[PDB]
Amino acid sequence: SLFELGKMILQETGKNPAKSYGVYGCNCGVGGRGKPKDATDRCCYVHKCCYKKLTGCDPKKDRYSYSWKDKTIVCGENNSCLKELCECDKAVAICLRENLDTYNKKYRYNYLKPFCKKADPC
């Protein structure tokens, strides 16, 4: 769910996840995808595409189990859809962390999301 996702992003990036990513760029946070603004935005683009392969569970509301082992997100023993969900979430938290070097605060609150250029198919 959003809870696990946020917790993962905090754990990987060290950053308040709604603050940094809730409305970032054309792909991070609320809304759908769009032409990505930068690498961070692409992480989110990839994450939303990842969600589309999911059937059987709801990425926003379904909670799942994971742990923190040797500073690594470890997706739990769940079920098939929840496992892949957890893996989508882990992957975006890692990607966001890896692209902290180019995170741009000026994209943090993109209230112009509805006007982002249409995303290409996943």
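For every residue, the number given is its place in the sequence shown, counted from 1. Rigid core: the largest C-alpha set superposing within 1.5 Å between the two forms.
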> Relative to the presented form, and with the rigid core used for superposition, do the C-alpha atoms of 72-80 or of 93-101 deviate more in 6 other deposited structures of this protein?
Replying inline: 72-80
> After a core fit, does 49-57 or 81-89 show the bigger CA gap to the shown form in 6 other deposited structures of this protein?
Replying inline: 49-57
> So 34-42 or 80-88, which one's hotter by mean CA B-factor in the entry?
Replying inline: 80-88
> Going by the B-factors listed in the PDB entry, is the mean over the C-alpha atoms higher for 92-100 or for 50-58?
Replying inline: 50-58
>> Highest recorded C-alpha temperature factor, please, choosing from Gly14, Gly22, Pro114, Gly25.
In response: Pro114
> Comparing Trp68 with the other modelled residues of its chain, is its CA B-factor in the lowest, middle or highest third?
Replying inline: lowest
> Is the Cα B-factor recorded for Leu2 in the lowest, middle or highest third of its chain?
Replying inline: highest
